[PDB]
Amino acid sequence: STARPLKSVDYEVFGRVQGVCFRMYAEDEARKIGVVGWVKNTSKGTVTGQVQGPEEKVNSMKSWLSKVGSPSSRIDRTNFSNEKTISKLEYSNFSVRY
């Protein structure tokens, strides 16, 4: 629950007509930040998903993703909405497309 400063936040990258190569970049750097979760691949490139991490690490993660470095394309606009503090890291790292 909320009493634990472990925040499950949802993101959305506005990849209008796909192209957004968020993969690997996410995984590797999110690991380094100290965060867990996943990527959700839609039809029309709205790269959404879940970021769970301890408070300070999710802050860093938010500073990132807007900090847009590339393995191919531009991560075209990342909004951070749906913020809910939970308990424990309920996933095997920040992973792949689901």
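What counts and what doesn't
Residues numbered from 1 in each chain as written, not as in the entry; some residues may be left out. Heavy atoms only, no water. UniProt positions renumbered as here; feature names shortened; annotations may be inferred. Helix = DSSP H or I, 4+ residues; strand = E, 2+ residues; numbered from the N terminus. Pairing = 2+ DSSP bridges. Salt bridge = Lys/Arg side-chain N within 4 Å of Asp/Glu carboxyl O. Buried < 20%, exposed > 50% of the residue type's maximum accessible area, 1.4 Å probe, protein only. Core = buried A, V, L, I, M, F, W, Y, C linked by side-chain atoms within 4.5 Å. Contact = heavy atoms within 4.5 Å.

Method of structure determination, per the deposited record: solution NMR was used for this entry.

By the naming in the PDB entry, the protein chain goes by ACYLPHOSPHATASE and is assigned to Equus caballus. Its PDB record names the entry "THREE-DIMENSIONAL STRUCTURE OF ACYLPHOSPHATASE. REFINEMENT AND STRUCTURE ANALYSIS". Within the UniProt record for the protein chain, the comment given under Catalytic activity is "an acyl phosphate + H2O = a carboxylate + phosphate + H(+)".

(A) The arrangement of the UniProt feature "domain: Acylphosphatase-like" in the protein chain in detail. In this structure's numbering, the residues bearing the UniProt feature "domain: Acylphosphatase-like" are residues 8-98. Overall, residues 8-98 shows 20% helix and 37% strand. The separation of its end C-alpha atoms is 17 Å.

(B) Geometry of the pairing of strand β3 (residues 46-54). Across nine bridges, strand β1 (residues 6-14) lies against β3 in antiparallel orientation. In the strand pairing of β3, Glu-12 is matched with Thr-48. Across five bridges, the pairing between strand β2 (residues 36-40) and β3 is antiparallel. Its bridge partner lying in β3, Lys-40 is registered against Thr-48. Following β2, the chain reverses through five residues before pairing antiparallel with β3; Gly-45 in that reversal takes a positive phi of roughly 60°.

(C) The arrangement of the pattern of salt bridges in detail. Within the structure shown, the criterion is met by three salt bridges. As a salt-bridge pair, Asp-76 and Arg-16 come within 4.0 Å of each other at their nearest N and O atoms. With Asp-76 in the loop between α2 (55-63) and β4 (78-86) and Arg-16 in the loop between β1 and α1 (25-33), the pair connects residues that are 60 residues apart, well separated along the chain. Judged by its relative accessible area of 22%, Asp-76 falls in the partly exposed class. When the shortest N-O distance is used, the salt bridge between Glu-27 and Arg-23 registers 3.0 Å. For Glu-27, a relative accessible area of 12% puts it in the buried group. According to the relative accessible area criterion, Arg-23 is partly exposed, its value standing at 25%.

(D) Region of interest: the nonpolar core. Formed by 17 residues in total, the largest nonpolar core has its most connected members in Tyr-11, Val-13, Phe-22, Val-47, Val-51, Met-61 and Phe-94. The element that contributes the greatest number of residues to this core is α1, accounting for three residues. Contacts of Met-61, omitting those with residues within four sequence positions, involve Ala-30, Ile-33, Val-35, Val-51, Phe-80 and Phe-94.

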